[PDB]
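Visitor: coords.txt is reproduced in full below (compact mmCIF, N, CA and C atoms and all ligand atoms).
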# COMPACT_ATOMS: atom_id res chain seq x y z
N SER A 22 -31.97 -0.04 -9.01
CA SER A 22 -32.32 -1.40 -8.49
C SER A 22 -31.81 -1.55 -7.07
N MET A 23 -32.36 -2.52 -6.36
CA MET A 23 -31.94 -2.85 -5.01
C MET A 23 -30.63 -3.67 -5.02
N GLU A 24 -30.46 -4.55 -6.01
CA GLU A 24 -29.26 -5.43 -6.08
C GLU A 24 -27.92 -4.72 -6.36
N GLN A 25 -27.97 -3.53 -6.99
CA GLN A 25 -26.81 -2.63 -7.12
C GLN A 25 -26.60 -1.88 -5.80
N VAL A 26 -27.69 -1.51 -5.13
CA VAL A 26 -27.62 -0.90 -3.78
C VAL A 26 -26.93 -1.87 -2.83
N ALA A 27 -27.24 -3.16 -2.96
CA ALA A 27 -26.65 -4.20 -2.12
C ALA A 27 -25.17 -4.46 -2.46
N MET A 28 -24.83 -4.31 -3.74
CA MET A 28 -23.43 -4.31 -4.15
C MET A 28 -22.67 -3.10 -3.61
N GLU A 29 -23.34 -1.95 -3.63
CA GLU A 29 -22.74 -0.67 -3.24
C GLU A 29 -22.46 -0.60 -1.74
N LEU A 30 -23.38 -1.14 -0.94
CA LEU A 30 -23.15 -1.25 0.50
C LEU A 30 -21.93 -2.13 0.80
N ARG A 31 -21.75 -3.21 0.03
CA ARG A 31 -20.61 -4.14 0.21
C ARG A 31 -19.26 -3.48 -0.05
N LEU A 32 -19.21 -2.72 -1.14
CA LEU A 32 -18.05 -1.93 -1.49
C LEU A 32 -17.75 -0.93 -0.39
N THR A 33 -18.81 -0.31 0.10
CA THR A 33 -18.73 0.73 1.09
C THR A 33 -18.21 0.18 2.39
N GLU A 34 -18.73 -0.98 2.82
CA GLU A 34 -18.16 -1.65 4.01
C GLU A 34 -16.68 -2.04 3.81
N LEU A 35 -16.34 -2.71 2.70
CA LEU A 35 -14.93 -3.07 2.35
C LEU A 35 -13.97 -1.88 2.49
N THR A 36 -14.33 -0.74 1.89
CA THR A 36 -13.53 0.49 1.97
C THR A 36 -13.30 0.92 3.43
N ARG A 37 -14.37 0.93 4.23
CA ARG A 37 -14.24 1.10 5.69
C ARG A 37 -13.24 0.11 6.32
N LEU A 38 -13.33 -1.18 5.94
CA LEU A 38 -12.39 -2.21 6.42
C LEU A 38 -10.93 -1.94 5.95
N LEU A 39 -10.77 -1.58 4.68
CA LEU A 39 -9.45 -1.26 4.14
C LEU A 39 -8.89 0.01 4.70
N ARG A 40 -9.75 0.90 5.19
CA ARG A 40 -9.29 2.11 5.89
C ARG A 40 -8.47 1.69 7.10
N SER A 41 -9.07 0.87 7.95
CA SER A 41 -8.37 0.28 9.10
C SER A 41 -7.07 -0.48 8.74
N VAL A 42 -7.13 -1.28 7.67
CA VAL A 42 -5.96 -2.05 7.23
C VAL A 42 -4.84 -1.11 6.80
N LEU A 43 -5.21 -0.11 5.98
CA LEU A 43 -4.30 0.95 5.60
C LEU A 43 -3.70 1.64 6.85
N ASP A 44 -4.55 2.08 7.79
CA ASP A 44 -4.07 2.87 8.95
C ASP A 44 -3.04 2.10 9.80
N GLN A 45 -3.23 0.78 9.91
CA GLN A 45 -2.31 -0.09 10.64
C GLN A 45 -1.00 -0.26 9.89
N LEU A 46 -1.08 -0.48 8.58
CA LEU A 46 0.12 -0.58 7.76
C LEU A 46 0.90 0.74 7.76
N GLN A 47 0.21 1.86 7.72
CA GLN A 47 0.89 3.15 7.85
C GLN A 47 1.46 3.45 9.26
N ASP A 48 0.96 2.78 10.31
CA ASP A 48 1.54 2.88 11.66
C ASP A 48 2.87 2.13 11.81
N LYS A 49 3.22 1.34 10.79
CA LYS A 49 4.48 0.59 10.71
C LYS A 49 5.60 1.32 9.92
N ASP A 50 5.36 2.58 9.55
CA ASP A 50 6.36 3.43 8.86
C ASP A 50 6.40 4.75 9.62
N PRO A 51 6.98 4.74 10.86
CA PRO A 51 6.87 5.97 11.67
C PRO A 51 7.80 7.10 11.20
N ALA A 52 8.86 6.76 10.46
CA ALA A 52 9.65 7.76 9.71
C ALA A 52 8.85 8.49 8.61
N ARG A 53 7.83 7.83 8.07
CA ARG A 53 7.00 8.35 6.97
C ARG A 53 7.77 8.37 5.62
N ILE A 54 8.70 7.44 5.47
CA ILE A 54 9.42 7.18 4.24
C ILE A 54 8.49 6.88 3.04
N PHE A 55 7.36 6.24 3.31
CA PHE A 55 6.44 5.85 2.26
C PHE A 55 5.17 6.71 2.23
N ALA A 56 5.12 7.78 3.01
CA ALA A 56 3.85 8.55 3.15
C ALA A 56 3.41 9.17 1.80
N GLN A 57 4.35 9.76 1.07
CA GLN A 57 4.06 10.58 -0.11
C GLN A 57 4.78 9.99 -1.33
N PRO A 58 4.36 10.40 -2.55
CA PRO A 58 5.06 9.94 -3.75
C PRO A 58 6.47 10.48 -3.83
N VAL A 59 7.42 9.68 -4.34
CA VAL A 59 8.80 10.17 -4.61
C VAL A 59 8.77 11.41 -5.54
N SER A 60 9.32 12.51 -5.05
CA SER A 60 9.47 13.77 -5.80
C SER A 60 10.36 13.66 -7.08
N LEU A 61 9.74 13.89 -8.24
CA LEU A 61 10.46 13.93 -9.53
C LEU A 61 11.34 15.19 -9.67
N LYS A 62 11.05 16.21 -8.86
CA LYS A 62 11.96 17.35 -8.69
C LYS A 62 13.26 17.02 -7.94
N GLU A 63 13.17 16.09 -6.97
CA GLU A 63 14.31 15.71 -6.11
C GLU A 63 15.05 14.48 -6.64
N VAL A 64 14.31 13.59 -7.30
CA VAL A 64 14.88 12.43 -7.97
C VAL A 64 14.35 12.47 -9.41
N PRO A 65 15.03 13.25 -10.30
CA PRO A 65 14.59 13.38 -11.70
C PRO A 65 14.63 12.09 -12.57
N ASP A 66 15.51 11.15 -12.25
CA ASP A 66 15.63 9.92 -13.09
C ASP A 66 14.81 8.73 -12.57
N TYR A 67 13.87 8.98 -11.64
CA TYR A 67 13.16 7.92 -10.92
C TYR A 67 12.28 7.06 -11.85
N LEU A 68 11.63 7.67 -12.83
CA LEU A 68 10.81 6.94 -13.81
C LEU A 68 11.64 6.23 -14.90
N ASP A 69 12.95 6.48 -14.99
CA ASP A 69 13.84 5.57 -15.73
C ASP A 69 14.09 4.22 -15.02
N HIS A 70 13.88 4.18 -13.70
CA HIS A 70 14.08 2.98 -12.90
C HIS A 70 12.79 2.25 -12.50
N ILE A 71 11.73 3.01 -12.25
CA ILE A 71 10.51 2.51 -11.60
C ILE A 71 9.30 2.92 -12.43
N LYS A 72 8.69 1.94 -13.10
CA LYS A 72 7.60 2.20 -14.04
C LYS A 72 6.25 2.39 -13.35
N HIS A 73 6.08 1.86 -12.13
CA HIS A 73 4.82 2.05 -11.38
C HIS A 73 5.10 2.45 -9.93
N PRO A 74 5.49 3.71 -9.72
CA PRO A 74 5.63 4.20 -8.36
C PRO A 74 4.33 4.09 -7.54
N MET A 75 4.49 3.96 -6.23
CA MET A 75 3.37 3.84 -5.31
C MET A 75 3.72 4.35 -3.91
N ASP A 76 2.74 4.94 -3.21
CA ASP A 76 2.94 5.43 -1.84
C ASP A 76 1.62 5.35 -1.08
N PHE A 77 1.63 5.78 0.19
CA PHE A 77 0.44 5.73 1.03
C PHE A 77 -0.65 6.80 0.74
N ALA A 78 -0.25 7.99 0.31
CA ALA A 78 -1.17 9.12 0.12
C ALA A 78 -2.04 8.85 -1.10
N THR A 79 -1.37 8.37 -2.15
CA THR A 79 -1.99 7.90 -3.39
C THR A 79 -3.04 6.82 -3.08
N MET A 80 -2.60 5.78 -2.36
CA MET A 80 -3.48 4.67 -1.90
C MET A 80 -4.67 5.15 -1.06
N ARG A 81 -4.49 6.21 -0.26
CA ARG A 81 -5.62 6.83 0.48
C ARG A 81 -6.70 7.50 -0.41
N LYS A 82 -6.28 8.16 -1.49
CA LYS A 82 -7.18 8.87 -2.39
C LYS A 82 -8.06 7.93 -3.24
N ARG A 83 -7.45 6.84 -3.70
CA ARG A 83 -8.12 5.74 -4.40
C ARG A 83 -9.15 5.06 -3.50
N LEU A 84 -8.82 4.96 -2.21
CA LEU A 84 -9.70 4.35 -1.21
C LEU A 84 -10.93 5.21 -0.96
N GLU A 85 -10.73 6.51 -0.71
CA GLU A 85 -11.88 7.40 -0.37
C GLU A 85 -12.79 7.70 -1.57
N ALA A 86 -12.37 7.30 -2.77
CA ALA A 86 -13.22 7.23 -3.95
C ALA A 86 -13.78 5.80 -4.14
N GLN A 87 -13.64 4.95 -3.12
CA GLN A 87 -14.00 3.52 -3.18
C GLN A 87 -13.45 2.78 -4.40
N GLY A 88 -12.18 3.03 -4.72
CA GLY A 88 -11.54 2.49 -5.95
C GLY A 88 -10.92 1.10 -5.88
N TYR A 89 -10.83 0.54 -4.67
CA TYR A 89 -10.41 -0.85 -4.45
C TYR A 89 -11.61 -1.82 -4.40
N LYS A 90 -11.73 -2.66 -5.42
CA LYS A 90 -12.86 -3.60 -5.57
C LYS A 90 -12.69 -4.91 -4.77
N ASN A 91 -11.44 -5.36 -4.58
CA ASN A 91 -11.10 -6.47 -3.66
C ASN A 91 -9.81 -6.23 -2.84
N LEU A 92 -9.46 -7.17 -1.96
CA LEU A 92 -8.24 -7.07 -1.15
C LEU A 92 -6.95 -7.29 -1.97
N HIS A 93 -7.01 -8.12 -3.02
CA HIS A 93 -5.86 -8.32 -3.93
C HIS A 93 -5.36 -7.01 -4.50
N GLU A 94 -6.28 -6.21 -5.04
CA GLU A 94 -6.00 -4.87 -5.59
C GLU A 94 -5.32 -3.96 -4.57
N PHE A 95 -5.75 -4.04 -3.31
CA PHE A 95 -5.15 -3.26 -2.21
C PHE A 95 -3.71 -3.73 -1.94
N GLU A 96 -3.57 -5.03 -1.73
CA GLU A 96 -2.27 -5.70 -1.61
C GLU A 96 -1.27 -5.45 -2.76
N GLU A 97 -1.77 -5.44 -4.00
CA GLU A 97 -0.92 -5.20 -5.19
C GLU A 97 -0.20 -3.85 -5.11
N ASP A 98 -0.95 -2.80 -4.73
CA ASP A 98 -0.39 -1.44 -4.52
C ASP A 98 0.65 -1.42 -3.38
N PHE A 99 0.27 -1.95 -2.22
CA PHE A 99 1.15 -2.08 -1.05
C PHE A 99 2.50 -2.77 -1.36
N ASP A 100 2.45 -3.83 -2.16
CA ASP A 100 3.65 -4.53 -2.59
C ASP A 100 4.56 -3.73 -3.52
N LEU A 101 3.98 -2.86 -4.35
CA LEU A 101 4.73 -1.94 -5.18
C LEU A 101 5.61 -1.03 -4.33
N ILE A 102 5.05 -0.46 -3.25
CA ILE A 102 5.83 0.43 -2.38
C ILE A 102 7.15 -0.26 -1.93
N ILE A 103 7.03 -1.52 -1.52
CA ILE A 103 8.13 -2.29 -0.95
C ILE A 103 9.08 -2.73 -2.07
N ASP A 104 8.52 -3.32 -3.11
CA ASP A 104 9.32 -3.74 -4.24
C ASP A 104 10.03 -2.59 -4.99
N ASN A 105 9.40 -1.40 -5.08
CA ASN A 105 10.05 -0.23 -5.72
C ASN A 105 11.23 0.29 -4.90
N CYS A 106 11.06 0.24 -3.59
CA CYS A 106 12.06 0.73 -2.65
C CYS A 106 13.34 -0.13 -2.63
N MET A 107 13.12 -1.44 -2.58
CA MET A 107 14.19 -2.42 -2.57
C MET A 107 14.89 -2.56 -3.92
N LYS A 108 14.30 -2.09 -5.03
CA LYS A 108 15.02 -2.07 -6.30
C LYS A 108 15.88 -0.81 -6.48
N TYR A 109 15.33 0.36 -6.19
CA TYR A 109 16.00 1.63 -6.43
C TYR A 109 17.18 1.88 -5.48
N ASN A 110 16.99 1.51 -4.22
CA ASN A 110 17.98 1.75 -3.16
C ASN A 110 18.70 0.49 -2.89
N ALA A 111 19.96 0.63 -2.48
CA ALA A 111 20.84 -0.53 -2.23
C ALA A 111 20.55 -1.13 -0.87
N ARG A 112 21.10 -2.33 -0.67
CA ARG A 112 20.97 -3.09 0.59
C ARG A 112 21.38 -2.26 1.80
N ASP A 113 22.45 -1.47 1.63
CA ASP A 113 23.06 -0.72 2.73
C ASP A 113 22.48 0.71 2.94
N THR A 114 21.18 0.88 2.72
CA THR A 114 20.47 2.16 2.92
C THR A 114 19.22 2.03 3.82
N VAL A 115 18.96 3.11 4.56
CA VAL A 115 17.82 3.27 5.48
C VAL A 115 16.44 3.13 4.78
N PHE A 116 16.39 3.46 3.48
CA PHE A 116 15.21 3.22 2.62
C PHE A 116 14.88 1.72 2.43
N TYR A 117 15.82 0.93 1.91
CA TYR A 117 15.69 -0.54 1.73
C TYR A 117 15.31 -1.25 3.03
N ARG A 118 15.97 -0.86 4.13
CA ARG A 118 15.76 -1.50 5.42
C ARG A 118 14.38 -1.11 6.01
N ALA A 119 13.93 0.12 5.74
CA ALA A 119 12.54 0.53 6.09
C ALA A 119 11.47 -0.24 5.29
N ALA A 120 11.75 -0.56 4.03
CA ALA A 120 10.85 -1.41 3.24
C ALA A 120 10.77 -2.88 3.76
N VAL A 121 11.93 -3.44 4.15
CA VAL A 121 12.00 -4.81 4.70
C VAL A 121 11.17 -4.95 5.97
N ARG A 122 11.29 -3.96 6.86
CA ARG A 122 10.61 -4.00 8.15
C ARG A 122 9.09 -3.75 7.99
N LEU A 123 8.70 -2.86 7.06
CA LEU A 123 7.30 -2.66 6.70
C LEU A 123 6.66 -3.91 6.10
N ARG A 124 7.45 -4.66 5.33
CA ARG A 124 7.00 -5.88 4.68
C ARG A 124 6.70 -6.96 5.72
N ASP A 125 7.64 -7.15 6.63
CA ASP A 125 7.57 -8.17 7.65
C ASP A 125 6.47 -7.92 8.70
N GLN A 126 6.22 -6.64 9.03
CA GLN A 126 5.18 -6.25 9.99
C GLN A 126 3.80 -6.10 9.35
N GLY A 127 3.76 -5.78 8.06
CA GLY A 127 2.50 -5.70 7.30
C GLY A 127 1.96 -7.07 6.87
N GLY A 128 2.82 -8.09 6.82
CA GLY A 128 2.40 -9.48 6.60
C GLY A 128 1.43 -9.97 7.67
N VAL A 129 1.67 -9.54 8.91
CA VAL A 129 0.82 -9.87 10.07
C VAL A 129 -0.57 -9.23 9.94
N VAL A 130 -0.59 -7.99 9.44
CA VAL A 130 -1.84 -7.24 9.28
C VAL A 130 -2.66 -7.79 8.08
N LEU A 131 -2.00 -8.12 6.97
CA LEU A 131 -2.69 -8.60 5.75
C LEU A 131 -3.19 -10.06 5.78
N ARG A 132 -2.55 -10.88 6.61
CA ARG A 132 -2.95 -12.27 6.82
C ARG A 132 -4.27 -12.38 7.57
N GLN A 133 -4.49 -11.50 8.56
CA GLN A 133 -5.75 -11.48 9.32
C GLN A 133 -6.81 -10.64 8.62
N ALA A 134 -6.36 -9.70 7.78
CA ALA A 134 -7.23 -8.90 6.93
C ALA A 134 -7.89 -9.77 5.86
N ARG A 135 -7.16 -10.78 5.39
CA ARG A 135 -7.66 -11.79 4.43
C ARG A 135 -8.76 -12.66 5.00
N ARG A 136 -8.64 -12.98 6.27
CA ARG A 136 -9.63 -13.80 6.95
C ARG A 136 -10.92 -12.99 7.22
N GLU A 137 -10.78 -11.70 7.55
CA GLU A 137 -11.93 -10.81 7.79
C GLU A 137 -12.75 -10.51 6.51
N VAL A 138 -12.07 -10.31 5.37
CA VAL A 138 -12.74 -10.08 4.08
C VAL A 138 -13.51 -11.32 3.63
N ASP A 139 -12.87 -12.49 3.73
CA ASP A 139 -13.54 -13.77 3.45
C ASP A 139 -14.72 -13.96 4.41
N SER A 140 -14.43 -13.97 5.71
CA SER A 140 -15.41 -14.30 6.78
C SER A 140 -16.77 -13.59 6.68
N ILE A 141 -16.75 -12.27 6.54
CA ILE A 141 -17.98 -11.49 6.30
C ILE A 141 -18.55 -11.77 4.91
N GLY A 142 -17.66 -11.83 3.92
CA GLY A 142 -18.02 -11.98 2.52
C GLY A 142 -17.52 -10.81 1.70
NA NA B 201 18.36 -1.92 -5.97
Rewrite the structure from the file as structure tokens, please.
Guide:
Amino acid sequence: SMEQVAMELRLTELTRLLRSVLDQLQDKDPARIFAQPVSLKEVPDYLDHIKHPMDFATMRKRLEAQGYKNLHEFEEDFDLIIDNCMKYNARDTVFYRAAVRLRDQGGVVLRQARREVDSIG
């Protein structure tokens, strides 16, 4: 049908838009603390603390399969990265402080990203 084609183009444009949103949010972690999933070889007890780990590489693979249906779903994953980091690591660590600064600078990107998703439709 044409109406599924029209749905599919919308998804396809959104994914293109979220690519840009992702790339900007990843430009706010220049250490690359959040680039890859936490190694279970290096931190064996990590899944005793964190039931839904999340990182940027994972979020990229879901995107290029067009797996994000709205902006909420994208935001939900992004928030896991920050919330997982600030729970596992203490206040006085470079990990927690990298999550705080990513949160505060990514708020600027996601607030205008919300207006662009609405505005086009
Ligand atoms: Na903690």
Visitor: Which residues sit within 8 Å of ligand NA 201 (chain B), counting all atoms listed in the file, listed as number ranges by chain?
Guide: A: 105-112
Visitor: Select, from A:24, A:100, A:85, A:34, the residue with the minimum atom-to-atom distance to residue 125 of chain A, counting only C-alpha atoms.
Guide: A:100
Visitor: Could you give me the residues within segment 23-142 of chain A that DSSP places in alpha helix (DSSP H), as a ChimeraX atom specification?
Guide: /A:23-47,67-70,77-85,92-109,115-141
Visitor: With a cut-off of 8 Å, could you pull out the residues of segment 97-137 of chain A touching segment 54-60 of chain A and give me the nearest pair of atoms for each, distance in Å to one decimal, using only C-alpha atoms, ordered by chain and ascending number, as a tab-separated table?
Guide:
residue	atom	partner	partner_atom	distance
A:102	CA	A:55	CA	7.2
A:116	CA	A:54	CA	7.2
A:119	CA	A:54	CA	7.6
Visitor: List the spatial neighbours of segment 37-44 of chain A as a PyMOL selection string - criterion: any atom at most 8 Å away, all atoms listed in the file, same-chain residues fewer than 6 positions off excluded.
Guide: chain A and resi 31+80-81+84+87+92+95+130-131+134
Visitor: Using only C-alpha atoms, which residue out of A:35, A:48, A:61, A:118 lies closest to residue 139 of chain A?
Guide: A:35
Visitor: To one decimal place in Å, what is the distance between atom N of residue 128 of chain A and atom C of residue 52 of chain A?
Guide: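 Distance reported for this atom pair: 17.7 Å.
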Visitor: Select, from A:121, A:62, A:75, A:53, the residue with the minimum atom-to-atom distance to residue 98 of chain A, counting only N, CA and C atoms.
Guide: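 Closest candidate: A:75.
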Visitor: Could you check which of A:120, A:113, A:129, A:141 is closest to residue 51 of chain A, using only C-alpha atoms?
Guide: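 Ranked by minimum distance to residue 51 of chain A, first place goes to A:120.
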Visitor: What is the atom N of residue 36 of chain A to atom C of residue 91 of chain A distance in Å?
Guide: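 Going from atom N of residue 36 of chain A over to atom C of residue 91 of chain A, I get 8.5 Å.
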